[PDB]
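We begin with a single chain expressed as structure tokens, specifically the form solved without ligand UDP.
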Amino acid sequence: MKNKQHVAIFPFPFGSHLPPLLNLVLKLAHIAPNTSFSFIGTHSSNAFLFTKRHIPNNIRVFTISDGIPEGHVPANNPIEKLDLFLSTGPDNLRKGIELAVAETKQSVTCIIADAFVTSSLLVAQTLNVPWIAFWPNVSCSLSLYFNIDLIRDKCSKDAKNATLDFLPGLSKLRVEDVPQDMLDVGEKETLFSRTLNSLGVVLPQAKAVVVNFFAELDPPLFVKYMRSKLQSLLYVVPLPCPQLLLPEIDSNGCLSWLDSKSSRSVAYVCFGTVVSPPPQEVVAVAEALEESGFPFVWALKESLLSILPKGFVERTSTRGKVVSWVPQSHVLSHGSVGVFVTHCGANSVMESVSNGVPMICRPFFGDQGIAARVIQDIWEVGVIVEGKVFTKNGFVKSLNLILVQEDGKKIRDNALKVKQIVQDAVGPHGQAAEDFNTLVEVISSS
């Protein structure tokens, strides 16, 4: 009997959403090389993932429209390109299905999609195939989308530090931690925010929701709450397949530099690639790092080097490293690094907790506030920076708290505890090993 299993994959075709979904498909393709996997991205998303990278033969790549007509020049806001792609609707997605079906000579039996591509559910219902939502964001933020009205009401009437006790297992979350686009109503509403606010109705229609995290780190009561909202909640280990890793030269020499530093002494600073921080906070970070006297690695966009204080890089050159790029995963897995100063992106938090690195948190948007709140008040593996924004005096204090002070021993200890929890979670028989097979069974039973 000919194997006719054909999984269509729909990533949210942007930056940090692309690698974790490729990582999952690679694992699925390795264990089911008889099954066809059709990865359907845009021209720019495909170039990002597959330019110089060898992929298994049962994974084929197809290209659909990015929603940007030739001639148009999107503004300098990270939402427009998202809205433009989402505006393409299911019809653009079905054009990717056409290219997949034509190539493989197989009708799609299953669809795995990033939860943000809500149009792919209509596609799944049209084809009558199971729809599997993939969730590479902050896991604990899944609960929010089932209580939008409760949250919108509380965010307008209650205090900003009021607890969201109506969320099982997430009573530490506050009004000020809630994503802004979830509260935005009317003119401020984007196609992106309207899509995210549809998750509470969209997600229960998914055959399975695959979370890119460790189930053992999430609050058990939150987990049970989500299992009560969904047909199936599956956790697959977010750690990279060796098929995903593209080994490259450490051009900056971060690791060689880190080897000359002592254990848990280095501050690693990075705000991500989507985040455009105010120049004054950028000035404040440099000022704090310099005053603190701690060794540091700061991954900073070169477009921001002119913003840096005069002589800062030159004066800190003997104890600090300011570079355009770092192999972050290798840096966070280095023993010299004592604190991760982060914007709290889901992947960065993942890499920091799995390596036992405490965090200084400055969330900017989205679900970074949820991550930061979990890091400080639940896992207790870090602190939100003093004042919610970067200042010289507040940041230095956070740096001193985590790195050297006895008042930060509970946090450094908790970071080691969490690392051990992760190491057992990724074991041969943690929850994810069982959940990975369940997902494989869903695909082979489709």
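Residue indices: 1-based, along the sequence shown. Throughout, rigid core stands for the largest set of C-alpha atoms superposing within 1.5 Å between the two forms.
With every structure aligned by its rigid core, 243-251 is the stretch of 293-301 and 243-251 whose CA positions lie farther away in 4 other deposited structures of this protein. Greater average departure of CA atoms from the shown form, over structures and residues in 4 other deposited structures of this protein after a core fit, characterises 272-280 among 259-267 and 272-280. Averaged over Cα atoms, the B-factor as recorded in the entry is higher for 247-255 than for the other of 294-302 and 247-255. Judged by mean Cα B factor in the deposited record, 421-429 ranks above the other of 8-16 and 421-429.
For the set 202, 185, 284, 111, the maximum C-alpha B-factor listed in the entry falls on 185. The residue among 235, 146, 134, 325 whose C-alpha atom has the highest B-factor in the PDB entry is 325. Placement of the Cα temperature factor of residue 168 within the chain: middle third of the modelled residues, per the deposited record.
Residue 64: CA B factor lies in the lowest third for its chain, per the PDB record. Among the modelled residues of its chain, residue 363 has a C-alpha B-factor that falls in the lowest third according to the deposited record. The deposited CA B-factor of residue 32 belongs to the lowest third of values across its chain. Sort the modelled residues of the chain by CA B factor and residue 330 lands in the highest third.
Form solved in complex with ligand UDP: not shown, discussed below.
The listed set 325, 312, 222, 257 contains one residue whose heavy atoms approach ligand UDP in the deposited complex to within 4.5 Å, identified as 325. The single contact residue among 102, 185, 274, 245, judged by any heavy atom lying within 4.5 Å of ligand UDP in the deposited complex, is 274. Picking from 229-237, 214-222, 371-379, 342-350 the stretch near ligand UDP in the deposited complex, with a 4.5 Å limit on heavy atoms, gives 342-350. Taking the partner from the other structure, ligand UDP in the deposited complex has a heavy atom within 4.5 Å of a heavy atom of residue 16. Using a 4.5 angstroms limit between non-hydrogen atoms, residue 147 is distant from ligand UDP in the deposited complex. Residue contact with ligand UDP in the deposited complex: residue 299 places a heavy atom within 4.5 Å of it. Contact check for residue 110: every heavy atom lies farther than 4.5 Å from ligand UDP in the deposited complex.
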